[PDB]
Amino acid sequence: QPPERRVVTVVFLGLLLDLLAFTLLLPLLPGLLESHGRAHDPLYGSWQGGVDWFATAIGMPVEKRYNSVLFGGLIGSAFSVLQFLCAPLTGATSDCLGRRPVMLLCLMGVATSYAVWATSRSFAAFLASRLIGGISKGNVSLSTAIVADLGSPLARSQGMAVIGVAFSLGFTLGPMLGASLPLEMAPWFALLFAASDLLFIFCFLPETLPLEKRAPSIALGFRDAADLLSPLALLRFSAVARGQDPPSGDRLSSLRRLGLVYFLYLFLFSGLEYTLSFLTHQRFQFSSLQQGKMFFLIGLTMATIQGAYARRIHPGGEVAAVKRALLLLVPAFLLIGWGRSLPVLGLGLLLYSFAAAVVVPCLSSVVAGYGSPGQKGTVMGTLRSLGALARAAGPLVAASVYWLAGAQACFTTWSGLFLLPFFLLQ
């Protein structure tokens, strides 16, 4: 096929190898925390002390699986703070040095993250592994940047859809494999996928930013440092607005508006998506195995919609499809929030899947069309960073309201707040 097919193919297979490696360990995390608690790990005990303080503050009942999910949520949140910190820098660096050298630095970091975990099963090794993997998770935003390097709006909108399929397939099949593996072998499979991704990208990712299109600098002074690290400067896209041939006027307002909608969407969606672990236990007494089955079906529907519908939306129709998805999430979360049987829960999950499939891909696709050739890493790095900030705060704030106000209070209120990104877009 053309050179555009070849790059997206390499980006997709690389990213799927990456996401299998990460998601593989997620169904095992409950057992690994429980092991540390049971060995009296005094560092574990520190963090358990923090989760406890939080559990007391929000009024969360004392129960093994409620603790497991809350601890997994603090851990998930700390990790997203690392992704937020590093995504703009990694982007700006690649704008200046090319996509391939920075993609490869990031993958050596991810491979090293799994080398560490492989060697030691302590809470310390766990956090050391998460820290390194966290600061090296720019490979994700570099994938979106590489798609944004492509020539046509069509190339880009389909590229972002294909990345959507990677995340949906990765988050589906990874935990499936992990729970099928003997625990000893799991960190070895993560390593195999992470080393495979590194080697695959080394041999097959073509460069999509030529030397004569690159940003002259990463950051010259403290104001440029702050442009990559301040949540408000990342919302205002100040790093992009201060680059070579940047967007200005109406074009720069639009970029900011898509970013605010992106952040708000993911703040709300990531919160309800996390607290669905509370709702399916508390209301329907789902085992974590049954939560496995449910997220599996969600991921498969999402990959189908992403591959089949999201990927076929005519360039120019991204925004119309996002507005329709944000409206669909109002009934979707009302049905989940209030449903007292599996048919009603099921209907809300189906709408959840159709709507979530479209939003991240369609918005990335429109955002990717902004910035000059040497700013694609800074634009998509800034977008990923806003998502990371959103997935950092979303779970914690939804957990507070879920336990302080109850499932209905949280799911009704978050449902209402979806009209904020809907109206910001219209």
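Numbering starts at 1 and runs along the sequence shown.
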| query | finding |
| --- | --- |
| Segment of higher mean CA temperature factor, 371 to 379 or 43 to 51 | 43 to 51 |
| Mean temperature factor over C-alpha atoms, higher-scoring stretch between 60 to 68 and 353 to 361 | 60 to 68 |
| Top residue by Cα temperature factor, when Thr93, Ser238, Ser113, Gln244 are compared in the entry | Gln244 |
| Member of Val102, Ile218, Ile201, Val147 with the greatest C-alpha B factor (per the PDB record) | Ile218 |
| Lowest, middle or highest third - CA B-factor, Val11 | lowest |
| Ranked against its chain, the third holding the CA B-factor of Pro30 | middle |
| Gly109 - which third its CA temperature factor falls in, relative to the rest of the chain | lowest |
| Where the record places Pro182 (Cα B-factor, split into thirds across the chain) | highest |
| Position of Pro153 among the chain's modelled residues by C-alpha B-factor, lowest, middle or highest third | middle |
